[PDB]
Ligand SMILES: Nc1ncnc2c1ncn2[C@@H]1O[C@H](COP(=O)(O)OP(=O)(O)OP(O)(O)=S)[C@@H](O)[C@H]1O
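A single chain comes next, written as structure tokens; it is the form deposited without this ligand.
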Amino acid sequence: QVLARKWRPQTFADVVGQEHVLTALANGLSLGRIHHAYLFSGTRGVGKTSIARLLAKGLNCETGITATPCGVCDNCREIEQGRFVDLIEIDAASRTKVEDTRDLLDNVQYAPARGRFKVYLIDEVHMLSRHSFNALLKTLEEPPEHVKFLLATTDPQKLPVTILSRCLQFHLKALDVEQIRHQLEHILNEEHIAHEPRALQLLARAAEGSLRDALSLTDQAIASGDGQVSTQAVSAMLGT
């Protein structure tokens, strides 16, 4: 049980920053105003896949479509561990799985098994092979009612305008140092873990906008200097 994992957002509410994206998805889920495809854009580390998964969670919670998924039903618990059957996770950026991808994209499992929606989460989507695009391109045109597409990319422009014009796009932003620092302090207090001021500042300046890496580092700092988050440990982990 490490901070990076233990502090994974369980609801839109737990997310730091991105006010506009959270409001649009929360309200959207709360209003039954749901689109066919969503496009999450931003630099690596802004939480693009983290927010898309919370969306899938909210979309499939057994209690119903909601912005505040219960987190205790099987869909929620499984979706949270990326072991859900209606949440097909794809990595277009890796050649290790190019085989199954192209397949799944035609093999659009048109009908959920246990969830009310079948969800495809495609990370680094602009990297899909000429093949996966075209089928994907074809589906966004004529979209199955119980199927949704959650796309993530660090490079929106590299996508055809035919996919761009068919997706509601969410522009995730990097956090300033204070938002990261404040969260870090709040986390360590809840955890009853000691921390020096400059130490958290070094950790936040270091994170470079990402709260996900802000946490890994803190963990890789709580590990170095044994016990607490002491300034020497931190600048020592930032090492040499």
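What we label the rigid core is the largest C-alpha set whose atoms superpose within 1.5 Å from one form to the other. So that there is no doubt, residue numbering starts at 1 and follows the sequence shown.
Beyond what is shown, the protein has a form solved in complex with this ligand; the following relates to that form.
The closest non-hydrogen atom of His36 lies beyond 4.5 Å of this ligand in the deposited complex. When contacts are judged by a 4.5 Å heavy atom cut-off, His186 does not count as touching this ligand in the deposited complex.
Remark: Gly47 counts among the residues lining this ligand in the deposited complex, judged by a heavy atom distance of 4.5 Å or less.
Although the partner is absent here, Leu25 is not a contact residue: none of its heavy atoms lies within 4.5 angstroms of this ligand in the deposited complex.
Comment: this ligand is not present in this chain, but in the deposited complex one of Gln109, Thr154, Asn134, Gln169 has a heavy atom within 4.5 Å of it, namely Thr154.
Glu191 shows a C-alpha shift of 2 Å or greater between this form and the one not shown [criterion: core-superposed Cα displacement of 2 Å].
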